[PDB]
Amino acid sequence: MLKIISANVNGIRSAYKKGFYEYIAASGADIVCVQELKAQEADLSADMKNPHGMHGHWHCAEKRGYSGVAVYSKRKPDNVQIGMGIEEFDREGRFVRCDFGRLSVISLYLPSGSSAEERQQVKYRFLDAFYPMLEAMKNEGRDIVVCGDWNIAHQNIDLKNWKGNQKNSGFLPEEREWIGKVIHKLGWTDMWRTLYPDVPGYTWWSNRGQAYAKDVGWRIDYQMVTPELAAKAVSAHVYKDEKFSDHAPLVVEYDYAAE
């Protein structure tokens, strides 16, 4: 099967100290989309550019130690898009797209809003700029997986403390509505929720201490998929046998090849 892994690595240099490099190979992944490199190109070792000889494409931020995304693939993409073409967001290294024939896979790091109202506003402006891109992408008629950290939990099932987080970034009414539109208006499939309707599937906890031990989790990482490819998804899991990051890798297996 085609195995695609989405992982917010909370700093690729940190994740590599915790075994993430070995996992890229051991996992059997064909494509690994990572978010939050916290590294510029000058900081990336050869094994962070082309892990295990994979092809790698990345978009780093202008600020040091910040953001950045990458897509690693066993096969060579025939086309690569670095950034969205919106300067404000592209300066932060948040979007890479790799094409393999009629398959496209994206690594997306959606802005977080919990730090300050200014950043919640950036987050909302990102949502408004990205929605028409999602619409256009859906209308391409190609097979597309948008992997990444969307920084929004959709429904009560998607986080442990839904009662106490309705005024906090990640579970605001406007944010949840926006994800709902991406699914129900645009017709993207939330692959995890479609595969396993009743299984929470948290992918983030604020630390590896109490927050993790007590499973105070949120499902904020997704694979959003086009219709025909969604029908080819056979299984998924949140990988928790090792801990590389404050997020867990989201792994989906598709009965699909680009040739």
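Counting begins at 1, following the sequence as shown.
Colleague: Higher mean Cα B-factor in the deposited model: 123 to 131 or 103 to 111?
Modeller: Higher mean C-alpha B-factor in the PDB entry: 123 to 131.
Colleague: So, looking at the entry's B-factor column for Cα atoms, which has the higher mean, 43 to 51 or 213 to 221?
Modeller: Averaged over C-alpha atoms, the B-factors run higher in 43 to 51.
Colleague: Highest Cα temperature factor in the entry, among the options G164, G93, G170, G148: which one is it?
Modeller: Among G164, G93, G170, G148, the PDB entry lists the largest C-alpha B-factor for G164.
Colleague: Using only the C-alpha B-factors in the record, can you name which of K63, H59, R193, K38 has the highest?
Modeller: Highest C-alpha B-factor among the listed residues goes to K63.
Colleague: Give the position of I82 by CA B-factor within its chain, expressed as the lowest, middle or highest third.
Modeller: Tercile = middle for this residue's CA B-factor.
Colleague: Comparing against every modelled residue in the chain, figure out the third that the C-alpha B-factor of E118 lands in (lowest, middle or highest).
Modeller: Its C-alpha B-factor, which the entry lists for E118, ranks in the highest third among residues of this chain.
Colleague: Where does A7 sit by CA temperature factor within its chain: lowest, middle or highest third?
Modeller: Its C-alpha B-factor, which the entry lists for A7, ranks in the lowest third among residues of this chain.
Colleague: Going by the CA temperature factor in the PDB record, which third of the chain does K74 belong to: lowest, middle or highest?
Modeller: For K74, whose C-alpha B-factor we compare with every modelled residue in the chain, the answer is the middle third.
Colleague: Classify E175 as lowest, middle or highest third according to the C-alpha B-factor given in the PDB entry, relative to its own chain.
Modeller: As the PDB entry reports it, the C-alpha B-factor of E175 lands in the middle third of its chain.
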